[PDB]
Amino acid sequence: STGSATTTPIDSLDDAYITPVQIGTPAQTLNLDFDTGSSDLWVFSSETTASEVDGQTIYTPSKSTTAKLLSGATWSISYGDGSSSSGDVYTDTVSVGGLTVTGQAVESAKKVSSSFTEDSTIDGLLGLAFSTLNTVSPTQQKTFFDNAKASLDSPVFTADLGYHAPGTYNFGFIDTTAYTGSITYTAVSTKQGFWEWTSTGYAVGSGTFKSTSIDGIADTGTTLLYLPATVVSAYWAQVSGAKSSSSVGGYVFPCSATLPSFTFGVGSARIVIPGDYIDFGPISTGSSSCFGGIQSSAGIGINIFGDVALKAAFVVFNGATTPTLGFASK
Ligand SMILES: CNC1Cc2ccccc2C1
Numbered sequence: 001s002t003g004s005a006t007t008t009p010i011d012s013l014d015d016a017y018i019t020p021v022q023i024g025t026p027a028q029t030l031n032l033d034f035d036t037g038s039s040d041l042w043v044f045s046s047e048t049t050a051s052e053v054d055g056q057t058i059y060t061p062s063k064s065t066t067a068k069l070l071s072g073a074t075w076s077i078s079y080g081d082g083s084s085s086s087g088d089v090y091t092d093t094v095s096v097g098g099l100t101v102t103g104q105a106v107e108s109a110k111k112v113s114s115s116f117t118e119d120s121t122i123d124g125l126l127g128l129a130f131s132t133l134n135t136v137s138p139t140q141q142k143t144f145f146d147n148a149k150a151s152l153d154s155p156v157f158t159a160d161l162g163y164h165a166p167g168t169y170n171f172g173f174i175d176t177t178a179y180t181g182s183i184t185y186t187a188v189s190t191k192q193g194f195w196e197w198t199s200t201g202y203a204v205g206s207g208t209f210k211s212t213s214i215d216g217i218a219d220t221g222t223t224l225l226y227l228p229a230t231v232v233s234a235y236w237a238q239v240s241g242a243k244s245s246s247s248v249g250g251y252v253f254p255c256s257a258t259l260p261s262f263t264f265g266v267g268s269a270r271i272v273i274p275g276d277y278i279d280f281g282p283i284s285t286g287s288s289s290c291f292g293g294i295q296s297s298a299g300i301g302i303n304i305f306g307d308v309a310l311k312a313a314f315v316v317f318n319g320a321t322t323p324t325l326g327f328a329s330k
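Residue numbers (the deposited numbering): 1 to 330.
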């Protein structure tokens, strides 16, 4: 089998992407944030504290003839940005772009943190990291991809995120029309449960490429590109007036600037992030200070190749027995 679904930016900055997902019988369609940095499929629901729902579409398990309470199971997750959610668990039928999994764990939120409430466009998350990170207790549950894998034509999914435009998540096949050149594959460590890999270096604008190993994760659920402070300083030093602001929480730059590109290495290949992808707009409405899309990972403990990096590439998440990542230009 295969599946193919369009993913759409939630706003004009590409702060996140939402993909429609069918849950239950009859189908209830929710717009989920596909997150290769976590492993829980959770949704706003009829069980979510009413004061914490503000515009989201909710899953109502009592209206699904295929929903079954997963008795005794609970979940609780905290994300790198400080947000969190928790609740209980149902199993139900879940379909993405025509690909159906029966018996998928659908984690129903009883509580969500304020950042989720305040984002009316995101109805939940669909985790695509390794199932070893799934938070369901006492019986850990498998991701949608892990459940689908054996049925897929090939044990892969691909992320093709757009810049200020829709893109595509495919399951089970690699669309050879969706990229240019060849796909360069690179080794993955699953030891932390992430799609963790080592970039071979970087360049700023038209500058010379610096060969240096940068271990990080391919994370569709993170907006920005988080890299070591040395790399990030070298980038922003090429933008007149750019500075790290403790009050704002990262590098800012004059909105009048033209940003240089940023290149990262994948083996001997190179992915070029255009400068415009690094502009996240005014820090507050009407400000002439703009927020940068490349930020330091120093306070995080891991480098994160988030959407800013991934949207410059066609990305293959290869879930074969030895997983690997593939990157192509597009
Ligand atoms: C670090 N990324 C996590 C945190 C978050 C917040 C809003 C939407 C998605 C996600 C995944």
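Every residue, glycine too, gets a C-beta built ideally from N, C-alpha and C.
In DSSP terms, what residue i is bridged to
i       : result
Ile-300 : DSSP lists no partner for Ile-300.
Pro-9   : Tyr-17
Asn-31  : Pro-20
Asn-318 : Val-156, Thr-324
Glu-107 : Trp-42, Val-89
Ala-269 : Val-266
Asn-170 : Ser-4, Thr-158
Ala-257 : Bridge partners of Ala-257: none, in fact.
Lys-191 : Note: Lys-191 sits in no beta bridge, so no partner.
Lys-210 : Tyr-202
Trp-75  : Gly-87
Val-101 : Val-94
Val-136 : In DSSP, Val-136 forms no bridge with anything.
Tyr-59  : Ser-45
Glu-196 : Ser-189, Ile-217
Spatial distance of residue i from residue j (CA atoms)
i           : j       : result
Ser-206     : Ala-73  : 53 angstroms
residue 344 : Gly-201 : With the chain covering only 1 through 330, there is no way to say anything about residue 344.
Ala-148     : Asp-215 : 28 angstroms
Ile-302     : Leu-69  : 36 angstroms
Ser-83      : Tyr-179 : 34 angstroms
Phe-44      : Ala-109 : 6 angstroms
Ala-269     : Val-248 : 35 angstroms
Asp-146     : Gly-241 : 47 angstroms
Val-106     : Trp-75  : 10 angstroms
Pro-282     : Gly-103 : 44 angstroms
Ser-256     : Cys-290 : 9 angstroms
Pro-9       : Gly-306 : 14 angstroms
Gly-127     : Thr-321 : 19 angstroms
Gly-275     : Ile-300 : 24 angstroms
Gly-87      : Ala-150 : 29 angstroms
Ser-284     : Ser-246 : 15 angstroms
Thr-168     : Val-315 : 11 angstroms
Own chain partners of residue i with C-beta closer than 7 angstroms, once the 5 adjacent residues on each side are dropped
i       : result
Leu-310 : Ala-159, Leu-161, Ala-218, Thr-220
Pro-323 : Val-188, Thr-190
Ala-129 : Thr-36, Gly-37, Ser-38, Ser-39, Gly-193, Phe-194, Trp-195
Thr-100 : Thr-93
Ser-244 : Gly-250, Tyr-251
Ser-85  : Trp-42, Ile-77, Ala-109, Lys-111, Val-112, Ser-113, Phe-116
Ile-278 : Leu-259, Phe-262, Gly-292, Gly-293, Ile-294, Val-308
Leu-152 : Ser-1, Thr-2, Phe-171, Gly-172
Own chain residues within Cβ distance below 6 angstroms of residue i, not counting five before or after
i       : result
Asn-170 : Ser-4, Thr-158
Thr-132 : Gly-193
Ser-329 : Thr-180, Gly-181
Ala-312 : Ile-271, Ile-273
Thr-223 : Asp-15, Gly-306, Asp-307
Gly-265 : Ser-199, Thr-200, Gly-201
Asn-31  : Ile-18, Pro-20, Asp-123
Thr-184 : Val-266, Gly-267, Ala-269, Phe-327
Neighbourhood of residue i by C-beta, 8 angstroms cutoff - its chain only, sequence neighbours within 5 removed
i       : result
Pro-138 : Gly-72, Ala-73
CB-CB length for residue i against residue j, believed under 8 angstroms
i       : j       : result
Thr-29  : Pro-166 : Not a contact, Cβ separation roughly 16 angstroms.
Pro-155 : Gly-267 : Contact flag wrong, Cβ pair sits at about 22 angstroms.
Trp-197 : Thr-212 : The Cβ separation is near 14 angstroms, so there is no contact.
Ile-174 : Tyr-226 : Between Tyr-226 and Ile-174 the Cβ distance is about 27 angstroms, and since that is not below 8 angstroms, they are no contact.
At least 3 beta-carbon pairs within less than 8 angstroms: the region 48–68 vs the region 86–94: yes
At least 3 beta-carbon pairs within less than 8 angstroms: the region 295–312 vs the region 224–238: yes
Stretch-stretch touch, CB-based, cutoff 8 angstroms, three pairs: the region 123–141 with the region 43–62: yes
contact_flag[the region 47–54, the region 13–23] where n(CB pairs < 8 angstroms) is 3 or more: no
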